[PDB]
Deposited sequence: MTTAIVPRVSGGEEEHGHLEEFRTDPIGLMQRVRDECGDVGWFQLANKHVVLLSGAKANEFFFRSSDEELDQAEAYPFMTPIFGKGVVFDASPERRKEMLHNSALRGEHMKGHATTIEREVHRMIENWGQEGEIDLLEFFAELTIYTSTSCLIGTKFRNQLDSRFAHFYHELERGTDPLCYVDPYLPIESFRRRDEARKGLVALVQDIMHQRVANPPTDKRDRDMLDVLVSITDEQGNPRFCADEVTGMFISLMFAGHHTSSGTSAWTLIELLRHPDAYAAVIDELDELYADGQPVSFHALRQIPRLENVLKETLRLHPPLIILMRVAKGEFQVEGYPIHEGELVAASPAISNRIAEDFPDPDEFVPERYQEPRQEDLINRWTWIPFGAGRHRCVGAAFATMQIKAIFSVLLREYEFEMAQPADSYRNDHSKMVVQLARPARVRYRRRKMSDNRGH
């Protein structure tokens, strides 16, 4: 009667609590937490006690917390088996990156020809393997990669089943495949490193991050870094960028196809913009208003990170409720982005939301959170937005697209903590005049 108890959401009668619901319909679970509990409720993942926050006030507490109060890395048990930016994300690099991104889109569609069909999952996942490695690690390194790298990295992402809260090394097939894939990536990187040590650049202009790394010496004069550590570093350099860009690119195309008036306006704007003959490295770095608002609304409806988790490293209070040391704390862009009082008609695709009168992203900084907020904002948000603009500047000016299945049949796979499209998700293309 003196101290409150955070209410537990219904369900979760199994021995690991709500874990099984969390690996089938996590968004429905979080929606129930909101509906039954309000701004502060909790659900159970194995032995973990997840305090789910929602609404502007609780979200603000989350996003203002320090890295030392609410610990990010400890909330994600798959990070250890997977793993083992003054660099790429300086604005001075964006123009060069846009050029790289255009080039990779060109390479992906080189052999498309006049007409055909693609699987959205494969297409955007592979494309963003190459954009991510080239922009975030270097073009010299990406040039020494092939599809074997793409497919191993994919299996890493598929190694994120929430069963990792029982045990990140549970003897299940997707975890075995994950760990084998990490070994395969170490082997690819090891061969590349062998070739780099054999051929150190004689011109410092030819050195990339890997050349520097393999040159580093320890106190006995021996290589400080082995292939395992290098692989882990490179995985971590691109892990925040790949699945998010892949999913967001796919859903941007899907929402364009579900809304052909928005598709038409975006195309008309792109054709008129690029009629000045300036290249993608120019336009992708300046305003493309209708495409930008389509992207903002795609992010609102389909945020690639549906939950953001932390481990409490102390006792806290939020809206009169305690959070105890060791409990997990979470915010949910999936739920937050659709709060009706902030986003009228929240389930509807309305890119006008972001135009001057409404500006629903800017005036709801604690509930419009596809990129996070406060002290935990996506550091690659500008790179991610530029990349989408460059990708669709190429794709939509050179090809036109059509759904190959009903509009309502595109859906996400939530079986893993990394979100990706569910099958089927296919689209037709035809080359433009």
Should a student be asked to find the unmodelled regions, what ranges of the deposited sequence would be the right answer here? 85-99, 101, 450-456
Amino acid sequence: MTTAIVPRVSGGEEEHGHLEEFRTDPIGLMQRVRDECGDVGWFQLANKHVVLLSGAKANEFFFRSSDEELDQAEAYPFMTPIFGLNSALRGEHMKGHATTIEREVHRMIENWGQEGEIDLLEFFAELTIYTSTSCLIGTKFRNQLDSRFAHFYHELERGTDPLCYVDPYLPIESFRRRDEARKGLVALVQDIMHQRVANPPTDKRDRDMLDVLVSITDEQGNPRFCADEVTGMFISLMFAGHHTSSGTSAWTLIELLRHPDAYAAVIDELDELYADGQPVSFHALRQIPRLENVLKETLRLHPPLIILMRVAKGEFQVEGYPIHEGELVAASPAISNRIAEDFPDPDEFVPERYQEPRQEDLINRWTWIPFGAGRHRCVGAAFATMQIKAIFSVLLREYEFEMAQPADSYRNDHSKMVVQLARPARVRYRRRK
From here on, numbers count along this sequence of modelled residues.
Using only C-alpha atoms and the B-factors in the entry, which stretch averages higher, 214-222 or 341-349? 214-222
Of the two stretches 257-265 and 90-98, which shows the higher Cα B-factor on average in the entry? 90-98
Maximum C-alpha temperature factor per the entry, among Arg358, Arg300, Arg182, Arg158, belongs to which one? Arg358
Maximum C-alpha temperature factor, selected from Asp206, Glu104, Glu126, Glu292: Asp206
Sorting the chain's modelled residues by C-alpha B-factor and splitting them into thirds places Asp25 in the middle
Give the position of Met193 by CA B-factor within its chain, expressed as the lowest, middle or highest third. highest
Of the three thirds of its chain by CA temperature factor, lowest, middle or highest, which one includes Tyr169? highest
Would you mind checking where the Cα B-factor of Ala407 ranks among the modelled residues of its chain, as the lowest, middle or highest third? middle
Taking the C-alpha B-factors as the PDB entry records them, is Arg32 in the lowest, middle or highest third of its chain? lowest
